[PDB]
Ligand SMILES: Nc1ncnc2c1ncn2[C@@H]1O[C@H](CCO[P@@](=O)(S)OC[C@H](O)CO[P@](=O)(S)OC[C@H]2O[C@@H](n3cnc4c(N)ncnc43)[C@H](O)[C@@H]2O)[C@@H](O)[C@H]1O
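Next up: just one chain, as structure tokens, the form deposited without the named molecule.
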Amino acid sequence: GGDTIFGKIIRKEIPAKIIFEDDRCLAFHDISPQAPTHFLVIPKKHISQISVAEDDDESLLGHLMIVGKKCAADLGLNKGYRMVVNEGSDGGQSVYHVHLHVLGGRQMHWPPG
């Protein structure tokens, strides 16, 4: 699970509002939401950042997106949404555990930050 706050969430050591879980990922609402709906999908495998993801992780990363789109549908995001992965300082990555943001429930703007 790794040595970050997302590791603690995966291990159930600290609370989060969990939307979905399977054997390889977890989806939960962001504690600092930037839209009326704002959740994260994260792998249980501790990949610190997308830049170090291995080729073998390919389908796992895609799994985050499929889970993300399924959760968005369940949460009634029928007008759309934005998915985001942040890498490093320029990317504004807040936690060094790969996470896919899903934001919706309002018009998302351009540029995306």
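Residue numbers here begin at 1 and follow the sequence given.
Unshown form deposited with the named molecule bound; subsequent notes refer to it.
If you superimpose the site C-alphas and bring the named molecule over from its pose in the deposited bound form, 3 or more of its atoms are within 2.4 angstroms of a backbone or C-beta atom of this form, and that means blocked.
Though the partner is left out of this view, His38 does reach within 4.5 Å of the named molecule in the deposited bound form, counting heavy atoms only.
Although the partner is absent here, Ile31 is a contact residue: one of its heavy atoms lies within 4.5 angstroms of the named molecule in the deposited bound form. The named molecule in the deposited bound form is not approached by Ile10, whose heavy atoms all lie more than 4.5 angstroms from it. Looking at 87 to 113, the residues that come within 4.5 Å of the named molecule in the deposited bound form, counting any heavy atom, are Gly92, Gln93, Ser94, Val95, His99, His101.
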